[PDB]
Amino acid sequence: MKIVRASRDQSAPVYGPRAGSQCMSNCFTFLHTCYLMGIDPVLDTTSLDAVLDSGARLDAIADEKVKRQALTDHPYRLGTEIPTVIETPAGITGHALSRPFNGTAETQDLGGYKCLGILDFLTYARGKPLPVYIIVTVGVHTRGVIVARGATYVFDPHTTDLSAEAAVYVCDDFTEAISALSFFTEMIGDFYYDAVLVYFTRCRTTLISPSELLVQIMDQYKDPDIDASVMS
């Protein structure tokens, strides 16, 4: 396992009043940037700092919609509360989220409703056309995960024992990825995750409705795992 670090973490006072709480938007911005640029350019300190800057902006946008809609008054976010069009210097993406994935360390089949264990989930993801982009939350901490052919990348916008700063953990296997999702310690028994796959498209401009975008992405991928029930 190798590590590539930003120059700060998400709790830095520069990021605003919501410094700390923008983790999920920082993860979306990470995935967005890798989809557009490829992975290699994003894996340096300058680019990771740019991800954090853009993530703070996205979070601010998400925060206003939550307040306007009265989506909740909780400070932390669900995936469906993040704007599906994301615009940065790298370009513009639209995304659609998968159906929910939830589980513990081990797969549980709830009368036909499969709740995959974390390894089985990453393995499921790896059976799709690579790379696959994932938002994964464990506890209150959201990470971005990219399952690619030769490595699994885990972006963590918060401090770990291995890094003071936000970092991408470059993992040779899922055992290392799961360690990163586990805060590099042993928590087999307490483990529980909430994850969505993120299906991206490059957009020429931002002038597309959320409903138009979802239908377009459904037609692009033709993958039953895309959550259509999001439609409004």
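From 1 onward, residues are counted along the sequence shown.
Tell me which of 146-154 and 96-104 has the higher mean C-alpha B-factor in the deposited entry.
It is 146-154.
Decide which of the stretches 22-30 and 63-71 has the higher mean C-alpha B-factor, going by the entry.
Of 22-30 and 63-71, the stretch with the higher C-alpha B-factor average is 63-71.
So among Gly139, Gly117, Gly111, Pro83, who wins on Cα B-factor in the entry?
In the PDB entry, the greatest C-alpha B-factor among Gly139, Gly117, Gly111, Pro83 is found at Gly111.
Quiz for you: based on the deposited Cα B-factor, which of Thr45, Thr201, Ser163, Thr205 is highest?
Answer, based on the entry's C-alpha B-factors: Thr205.
Can you tell me which third, lowest, middle or highest, the CA B-factor of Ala6 falls into for its chain?
As the PDB entry reports it, the C-alpha B-factor of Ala6 lands in the lowest third of its chain.
Lowest, middle or highest third: where is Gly38 by Cα B-factor in its chain?
Lowest third of the chain for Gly38's C-alpha B-factor.
B-factor third for the C-alpha atom of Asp49 within its chain
Its C-alpha B-factor belongs to the middle third of this chain's values.
Among all modelled residues of this chain, ranked by Cα B factor, put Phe174 in the bottom, middle or top third, i.e. lowest, middle or highest.
For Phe174, whose C-alpha B-factor we compare with every modelled residue in the chain, the answer is the middle third.
Split the chain's modelled residues into thirds by Cα B-factor; is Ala56 in the lowest, middle or highest one?
Within its chain, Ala56 is a middle-third residue by C-alpha B-factor, going by the deposited values.
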